[PDB]
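Letters A, B, ... are given to chains in the order of the sequence lines, protein chains preceding strands, and every chain is numbered from 1. We use all heavy atoms of the structure for the numbers below, so side chains are in, but hydrogens, waters and symmetry mates are not.
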Amino acid sequence: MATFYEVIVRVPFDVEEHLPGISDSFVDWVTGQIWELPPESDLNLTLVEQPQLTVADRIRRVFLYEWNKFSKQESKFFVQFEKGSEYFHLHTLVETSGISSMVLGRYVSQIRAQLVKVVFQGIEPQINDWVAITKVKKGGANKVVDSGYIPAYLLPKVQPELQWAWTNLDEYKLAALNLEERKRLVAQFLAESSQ
DNA sequence: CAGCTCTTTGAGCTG
Ligand SMILES: [Cl-]
Ligand SMILES: [Mg+2]
Ligand SMILES: [Mg+2]
Ligand SMILES: [Mg+2]
């Protein structure tokens with residue numbers, strides 16, 4: 001099996017509060033992209049907040065683009081955008097291959113700087129700890145998990161908490177945007193787990 | 001149709 005690190009990015013969801021003074025161009029971009037559900041999806045599109053998703057997807061792609069240059073390969077990932085009770089956030093589960101825990105902090109710090117530069121027009125998001133690596137315990141090492149984390153924690157999310165998900169892991173391709181498939185994989189996970 | 005372009009990163013689109 002492969003192993004994964006997790007980075008949680010709190011995605012700006014109120015431009016006036018999080019990106020004070022940002023140019024109108026940012027607003028035009030985020031409000032102008034139209035999203036459509038693939039036919040395999042069984043999600044209710046009306047529950048998806050498009051401007052926030054547009055930002056999350058841009059963050060995701062910039063993140064993975066930079067990550068791959070660090071890892072030197074097309075790293076495996078499962079990313080899920082969620083609308084939490086306090087924050088909209090991206091759960092970025094990325095394979096550890098080619099990235100040591102010792103250097104992970106620095107690499108993530110560089111990606112954060114790139115996000116600020118190429119996504120937020122040089123404006124630092126006014127959200128505390130908006131880019132955080134999941135640790136073993138508060139004040140510990142970087143947490144490493146296996147794919148079992150996906151059906152245990154990510155898959156069971158439903159709308160409106162679940163906003164969208166992406167993955168290059170074949171086992172979870174249908175699950176990304178299909179509730180019925182997520183339910184099937186979670187049920188299988190619980191069955192095996194109870195034993 | 002071979003590149004140029006865009007909150008890209010590669011493939012749709014145009015000179
Ligand atoms: Cl939250
Ligand atoms: Mg290379
Ligand atoms: Mg969450
Ligand atoms: Mg493209």
Side-chain angles (χ1 to χ4, degrees), chain A residues 2 4-41 43 45-84 87-100 103-133 160 162-170 172-174 176-177:
Chain A
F4 305 80
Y5 289 125
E6 180 184 42
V7 181
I8 298 178
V9 180
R10 288 176 176 173
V11 176
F13 60 83
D14 184 309
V15 59
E16 176 182 51
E17 207 63 49
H18 308 139
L19 299 170
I22 199 161
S23 163
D24 286 351
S25 52
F26 178 87
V27 171
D28 296 330
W29 161 53
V30 307
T31 61
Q33 183 163 318
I34 300 173
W35 286 80
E36 55 190 22
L37 297 170
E40 333 83 67
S41 180
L43 295 181
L45 188 60
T46 64
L47 297 175
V48 178
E49 317 277 15
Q50 296 184 45
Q52 290 89 318
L53 176 52
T54 295
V55 180
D57 188 57
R58 172 72 179 156
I59 287 173
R60 179 189 68 91
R61 292 176 293 103
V62 172
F63 183 104
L64 295 173
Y65 174 76
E66 295 301 330
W67 184 277
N68 291 165
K69 292 199 306 188
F70 282 135
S71 65
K72 266 82 84 60
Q73 62 195 279
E74 192 184 325
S75 304
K76 294 302 176 191
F77 69 83
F78 187 98
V79 177
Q80 181 160 288
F81 190 39
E82 298 171 9
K83 172 180 157 70
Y87 297 106
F88 271 83
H89 53 278
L90 271 175
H91 279 257
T92 315
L93 207 63
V94 205
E95 182 189 34
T96 63
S97 295
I99 310 291
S100 63
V103 73
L104 180 64
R106 276 168 281 209
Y107 286 172
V108 171
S109 294
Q110 285 174 50
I111 296 177
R112 170 168 43 234
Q114 185 64 357
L115 288 174
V116 175
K117 176 187 177 190
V118 308
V119 184
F120 302 116
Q121 305 189 9
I123 298 179
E124 176 83 22
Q126 301 283 269
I127 299 167
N128 299 310
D129 299 297
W130 75 287
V131 173
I133 301 173
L162 168 66
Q163 290 285 307
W164 206 268
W166 305 256
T167 188
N168 61 356
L169 291 164
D170 296 294
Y172 299 109
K173 289 194 178 185
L174 178 59
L177 304 169

Nearest-angstrom distance from the residue atom [atom1] of [X] to [atom2] of [N]:
X: A:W67; N: B:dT8; atom1: CH2; atom2: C1'; answer: 21 Å
X: A:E74; N: B:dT9; atom1: CD; atom2: P; answer: 13 Å
X: A:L53; N: B:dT7; atom1: CG; atom2: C1'; answer: 14 Å
X: A:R60; N: B:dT8; atom1: CZ; atom2: P; answer: 11 Å
X: A:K69; N: B:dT8; atom1: NZ; atom2: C1'; answer: 12 Å
X: A:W166; N: B:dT9; atom1: CH2; atom2: P; answer: 14 Å
X: A:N68; N: B:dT9; atom1: CG; atom2: P; answer: 13 Å
X: A:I123; N: B:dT7; atom1: CD1; atom2: P; answer: 17 Å

For [X], answer base if it contacts any base atom (sugar-phosphate contacts may also be present), sugar-phosphate if it contacts only those atoms, and nothing otherwise; contact means non-hydrogen atoms under 4.0 Å.
X: A:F120; answer: nothing
X: A:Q33; answer: nothing
X: A:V30; answer: nothing
X: A:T54; answer: nothing

How are the rings of A:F13 and A:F88 set to each other: parallel, tilted or perpendicular (split at 30° and 60°)?
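Rings of A:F13 and A:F88: tilted, 30 to 60°.
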Check the orientation of A:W130 and A:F120. Use parallel for under 30°, tilted for 30 to 60°, and perpendicular for over 60°.
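Answer is perpendicular, since the angle exceeds 60°.
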Is A:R61 near enough to B:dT7 that one of its side-chain N or O atoms lies under 4.0 angstrom from OP1 or OP2?
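Answer is no, no contact under 4.0 Å.
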Quote, to the nearest angstrom, the [atom1] distance that separates [N] from [M].
N: B:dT9; M: B:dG15; atom1: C1'; answer: 24 Å
N: B:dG3; M: B:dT8; atom1: P; answer: 24 Å
N: B:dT7; M: B:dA2; atom1: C1'; answer: 26 Å

Determine whether a donor-acceptor pair (one donor, one acceptor, N or O, separation below 3.5 Å) exists between the side chain of A:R58 and the base of B:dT8.
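Checked by distance alone, the answer is yes.
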Check: A:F26 ring centre within less than 6.0 Å of A:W29 ring centre:
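Yes; A:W29 has its ring centre under 6.0 Å from that of A:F26.
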Side chains of A:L162 and A:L43, heavy atoms from C-beta outward: is any pair under 4.5 Å?
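Of all side-chain heavy-atom pairs linking A:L43 with A:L162, at least one is under 4.5 Å.
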Syn if the chi torsion is within 90° of 0, anti otherwise; quick check, which is B:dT8?
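Base orientation: syn.
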Is a side-chain donor or acceptor of A:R112 paired with a backbone partner of A:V131 at a separation under 3.5 angstrom?
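The answer is yes, because a donor-acceptor pair under 3.5 Å joins these two groups.
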Do B:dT9 and B:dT8, which sit next to each other in the strand, have six-membered ring centres within less than 5.5 angstrom and planes differing by under 30°?
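Stacked, because both conditions hold for the base rings of B:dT8 and B:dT9.
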